[PDB]
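Task: produce atomic coordinates for the following.
(2 chains, ligands or ions: 1)
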Amino acid sequence: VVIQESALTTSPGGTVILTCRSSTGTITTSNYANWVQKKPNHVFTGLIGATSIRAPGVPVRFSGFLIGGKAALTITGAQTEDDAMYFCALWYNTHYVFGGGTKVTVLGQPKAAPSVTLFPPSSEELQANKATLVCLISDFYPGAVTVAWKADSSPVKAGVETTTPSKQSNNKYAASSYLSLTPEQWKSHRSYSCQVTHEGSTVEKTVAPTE
Amino acid sequence: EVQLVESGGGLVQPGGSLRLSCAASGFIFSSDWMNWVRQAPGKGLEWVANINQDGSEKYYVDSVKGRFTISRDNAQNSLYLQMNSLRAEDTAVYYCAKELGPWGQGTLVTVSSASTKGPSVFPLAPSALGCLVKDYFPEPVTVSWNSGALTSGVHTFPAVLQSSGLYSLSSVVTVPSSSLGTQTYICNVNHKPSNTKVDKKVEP
Ligand SMILES: CN1[C@H]2CC[C@@H]1[C@@H](C(=O)O)[C@@H](OC(=O)c1ccccc1)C2
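Residues are numbered from 1 along each chain as shown, chains lettered A, B, ... in the order given. Please see the structure below:
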C-alpha cells in the first residue's frame, strides 16, 4: 500500500513538500519512485522518475528525493499552473503500485459566484412520456457546492443525479444536476426549483409547466 | 513534443477479447520502457504492465497474469496490449504511459453483458440554450455546435451516471437574444458505440 497525504495548499512563491509513504516500512532507491501530475483537462504526465530524474520539460522548481524512508516531491516557489493532483508510484521488483493522490491547491484565485440555469422538460421529451429537469452550474470558485431540489416548496431526493464539480478551461468549476420525473409528476406541481449553495450563499432557479 | 495516442477500446461481453494500441511520436520510442496503466471509475490508478526497450523483459500485475500480453514493435513506434478472457473488473480507461513525459488520453474498455444503447437528444430551448444527451451506454459522447463553427460560449459538462446504469450529459451555449431570431443553433451529437449521429435544431 502506497500512502499519500490528502491535500496541501500554498500561495504562489510558497513551498510545498509532498510525502509518499510505503506501508511495508521504508522506501529505497530500488523502489524507483515515480511522481505523476494530473491537472483537470490535461493528460497525466510523469514529472519525476527513479526517485530524482526530471522529465525534460518539467521546470527545476520540482525536485524528488528520499527523506527518512519516505519519497518526497518538493515544489520550491509553487505556481498557479502547479494546482493539480500528484500521484506517487513505487516499484517492488516486479510491479508498480500507485498511491491515492495528493491534491495541491495554489491560493490566490478570487471567489466566483455560481451561474445557475435551470431547464424545464422539453416538449419533445414530454411527447415520449419522459421528463427531466437539467440544472447547469458554472463559473464558480472554489469547487465546493451543494445542490438541493424542491418540488413546490418541499425537498426532493428521489430522482436526483449530480455530477462532481470539475474545472473548466478558465480554471473555474462547473457542475450539473439532473432530476428525472414522470410527465404526471411534472404537471402535478406548480413549480420545481434548483437551489445551489456556494460559500454559504444560495442561488435559486425555478421552472414551471406554465411556460 | 512527446505524444501517445491510444486506440482499440470498446465494449465486450465477459469472456471476450480486445487489443489496445498506442502510437508514439516525438521521442526515440525504443529507448524507454513503456507502461500500461488503468483507472476504474471511482477507484484509483492501477499499474497493469511494462516492457523492456526490446521486449526482453515484461512484467504484469497479478490480477492480469495469464490473460494479458504486452508487446512493442520496435520498427513502427507502437505499443500493444492484448487482453483475453476479459472480466467485469477490467472495466477502466487504459493509459499509455512512460516514467517521464505526458501519458496518452486513454481509451475506455468496458467489460459488460449490457447491450449498447444509443442516446436521445432533446432541445433545451431558451426563454442560454443547449441540448440534452439522455440515456446511453457506454461512454463517450462528442458534442459540437453548428458543425464545430463556434468554440467559445459553449460548455459541455461531464456526463453523469444515472441510478439506471445509463449515462447522460448536456451541452449549453450562451448567445445574444437578438441572435435567437436570425441565427441558427444546431448541436451535433455523435455516439459511435451505437452508431448514433443526431443533429437537433435547438429553438425557442
Ligand atoms: C525495472 N525498471 C522499470 C521499472 C523499475 C525500473 C526502472 C529502471 O529501470 O530504472 C524503471 O525506469 C525508471 O524508473 C525510469 C526510466 C526512465 C527515466 C526515468 C526513470 C523501469
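
what does chain B put close to the ligand?
Neighbours of the ligand within chain B, by Cβ under 6 Å from any ligand atom: B:32, B:33, B:99, B:100. In this view, the C-beta of every residue, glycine as well, is placed from N, C-alpha and C.

of the residues you listed, closest to residue A:32?
residue B:99 (7.8 Å; Cβ to Cβ).

ok, now how distant is that closest one from chain A?
Distance of residue B:99 to chain A, computed by Cβ to the nearest Cβ, to the nearest Å: 3 Å.

count of neighbours near that residue?
Number of residues near residue B:99 (other Cβ atoms under 10 Å in any protein chain shown) recorded here: 23.

partner residues bridging the closest residue to it other than its chain neighbours?
The shortest distance from residue B:99 to any non-neighbouring residue, by Cβ to Cβ, 6 or more residues apart in numbering or on different chains, is to residue A:49 (3.4 Å). Listed by DSSP bridges, the beta-bridge partners for residue A:49 are residue A:53.

now swap in residue A:16 and tell me
In beta-bridge terms (that is, DSSP bridges), residue A:16 pairs with residue A:75.

Out of the residues of chain B next to the ligand, who's the most crowded?
Result: residue B:99 is most packed of these (other Cβ under 10 Å), 23 neighbours.

I figured that residue was touching residue A:50, is that so?
Yes: with contacts counted by Cβ atoms under 8 Å, residue B:99 reaches residue A:50, the gap being 7.0 Å.

what is in contact with the two at once?
A:32, A:34 (Cβ atoms under 8 Å, 6 or more residues apart in numbering or on different chains).

Now do the same contact list for the spatially closest residue to residue A:186 that is not a sequence neighbour.
Excluding the flanking residues, the one nearest residue A:186 by Cβ to Cβ, 6+ apart is residue A:131, at 4.2 Å. By Cβ under 8 Å, 6+ apart, the contact set of residue A:131 is A:121, A:125, A:180, A:181, A:182, A:183, A:185, A:186.

and which of the residues you listed is nearest to residue A:63?
Residue A:63 has its nearest neighbour among these in residue A:180, at 50.0 Å by Cβ to Cβ.

Okay, residue A:91 and chain B: tell me how far apart.
Going from residue A:91 to chain B by Cβ to the nearest Cβ gives 9 Å.

Based on its surroundings, how many neighbours for residue B:128?
Using other Cβ under 10 Å, residue B:128 has 16 other residues around it.

what's the spacing between the spatially closest residue to it that is not a sequence neighbour and residue B:112?
Take residue B:128 and drop its neighbours on the chain: the residue closest to it by Cβ to Cβ, 6+ apart is residue B:174, 4.7 Å away. To residue B:112, residue B:174 is 37 Å away according to Cβ to Cβ, to the nearest Å.

do residue B:25 as well
33 Å.

which of these two has more neighbours?
Shown here are residue B:25 and residue B:112; by other Cβ under 10 Å, residue B:112 has more neighbours (16 against 11).

May I have the beta-bridge partners of the residue nearest to residue A:186?
residue A:181.

sorry, back to before: just flag the most distant two among the residues of chain B next to the ligand.
Across the residues of chain B next to the ligand (Cβ to Cβ), the longest gap, 10.1 Å, separates B:33 and B:100.

coming back round to it: the residue nearest to residue B:99 - how many residues pack around it?
22.

hang on, residue B:197 packs against residue B:189?
Yes: under the criterion of Cβ under 8 Å, residue B:197 makes contact with residue B:189 at 7.5 Å.

Mind checking which of those two has more residues around it?
Neighbours were counted for residue B:197 and for residue B:189 using other Cβ under 10 Å; residue B:189 has more, 23 against 12.

Stretch A:56-68 near the ligand at all?
No: applying Cβ under 6 Å from any ligand atom, one finds stretch A:56-68 separated from the ligand by no less than 10.1 Å.

is chain B contacted by that stretch?
Yes: Stretch A:56-68 lies within reach of chain B by Cβ under 8 Å from any Cβ of the partner chain, at A:56, A:57.

Now that stretch: buried residues?
A:58, A:62, A:63, A:64, A:66 (16 or more other Cβ atoms under 10 Å in any protein chain shown).

Could you do stretch A:87-105 as well?
A:87-91, A:95-99, A:101-102, A:104-105.

Select, from the residues you listed, the two members most distant in space.
A:95 and A:105 (31.1 Å).

what does chain A put close to the ligand?
Residues of chain A lying near the ligand (Cβ under 6 Å from any ligand atom): A:32, A:49, A:50, A:53, A:91.

surely the fourth one meets residue B:100?
Yes: between residue A:53 and residue B:100 there is a contact under Cβ under 8 Å: 6.9 Å.

Centroid-wise, who is the farthest residue in chain B?
Distance from the C-alpha centroid of chain B, by Cα atoms, centre = their mean, peaks at residue B:178 (37.2 Å).

Show me the domain layout of chain B.
Per the record, chain B has its domains at B:1-113, B:114-204, by curated CATH domains.

residues contacting the residue in chain A that the ligand sits nearest to?
Closest residue of chain A to the ligand, Cβ to the nearest ligand atom: residue A:49 (3.0 Å). The neighbours of residue A:49, taking Cβ under 8 Å, 6+ apart as the test, are A:32, A:34, A:35, A:55, B:99, B:100.

Tell me how chain A divides into domains.
If you go by curated CATH domains, chain A breaks into A:1-108, A:109-211.

Flag every buried residue along the helix or strand hosting residue A:176.
Assessed by DSSP states H and E, residue A:176 sits inside strand A:173-181. Within strand A:173-181, the residues that count as buried by 16+ other Cβ under 10 Å are A:173, A:174, A:175, A:176, A:177, A:178, A:179, A:180, A:181.

Tell me which residues of the following helix or strand past that strand come out buried.
Note on strand A:173-181: by DSSP H and E, the next helix or strand toward the C-terminus is helix A:183-187. Under the neighbour-count criterion of 16+ other Cβ under 10 Å, helix A:183-187 has A:183, A:186 buried.
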